[PDB]
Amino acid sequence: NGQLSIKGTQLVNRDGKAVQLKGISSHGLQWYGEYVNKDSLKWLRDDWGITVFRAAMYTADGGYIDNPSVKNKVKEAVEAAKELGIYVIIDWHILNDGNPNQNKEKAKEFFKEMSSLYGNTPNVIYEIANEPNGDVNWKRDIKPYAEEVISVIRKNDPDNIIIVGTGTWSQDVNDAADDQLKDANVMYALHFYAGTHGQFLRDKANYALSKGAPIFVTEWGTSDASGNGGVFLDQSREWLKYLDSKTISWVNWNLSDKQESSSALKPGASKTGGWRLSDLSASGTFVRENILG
């Protein structure tokens, strides 16, 4: 494992071999941070074979902007990841606050603090803006934000991977690819839902890679885009086959018992892991099967 770096569009480990990370994301830490602890992460490492865990620290909706103490759960997750030898994504999970400039001063302060703490920790990956959305585009809105935040992180952490979200809920990776950041260790987020997104979205990804823009799927669901609507296993297989075909790392949404199809767990499932297959939802079962391979 160790230090990650990027060879062209390909994430590699410190040995210089290609690596395709696979894992699962928390739901918002202000609501479901109870599922995020050294016990549950260890169980995911050991039972599911995860090699990456995403700590989805919402900014809006009772998240870090209104109550910053949720940052202690991010640090808990990072310390768990270090002890367990897995990667951890620190995800500044914008959504209702769809332009990343809305909370930019607080993001910069947050990332200054995290890079300062974890700037020598190879476990950590920064995801600086989960899903830009609304009338928010790369050149005008998302790129200038990413430059300022990357500049902060790089003062403390010169080499860890930074993943930058793209327009239309991290769909418009082609627009990023036409105006790339210069940072040597940047990747662009692509998010999809198996019940909603299809070939048009793969073609955008293909276009971005052909331009040298690396892609990492920090969030995808087996559901349609609402997160409910049942599970689309055929489409999900087709998407994972496509990601495999390009060695694209991915992180499923989401580890929680929220009552909707994209949640991996059924209500009542332990907060500290050790789940029977009857504790897993249809999504959770599929996702776990695919991480194990």
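Residue indices: 1-based, along the sequence shown.
Taking only the CA atoms, which stretch has the higher mean B-factor in the record, 116-124 or 213-221? The entry gives the higher C-alpha B-factor average to 116-124.
Comparing 192-200 with 164-172, which has the greater mean CA B-factor as deposited? The recorded data point to 192-200.
Which one, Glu76, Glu83, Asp97, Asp91, has the peak C-alpha temperature factor per the PDB entry? Going by the entry's C-alpha B-factors, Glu83 comes out highest.
Which of these, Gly230, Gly62, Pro68, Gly33, has its C-alpha atom at the highest B-factor, as the entry lists it? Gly230 has the highest C-alpha B-factor of those listed.
Quick check on the deposited entry: does the C-alpha B-factor of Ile24 sit in the lowest, middle or highest third of its chain? Lowest third, going by the recorded CA B-factors of the chain.
Using the B-factors in the PDB entry, rank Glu109's C-alpha atom against the chain and give the third, lowest, middle or highest. Its C-alpha B-factor belongs to the highest third of this chain's values.
Cα B factor band for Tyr207 (lowest, middle or highest third within the chain): Answer is highest: the recorded C-alpha B-factor places it there.
Chain-wide C-alpha B factor ranking for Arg45, given as lowest, middle or highest third: Its C-alpha B-factor, which the entry lists for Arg45, ranks in the middle third among residues of this chain.
Compared with the other modelled residues in the chain, in which third is the CA B-factor of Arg54? For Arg54, the deposited C-alpha B-factor lands in the lowest third.
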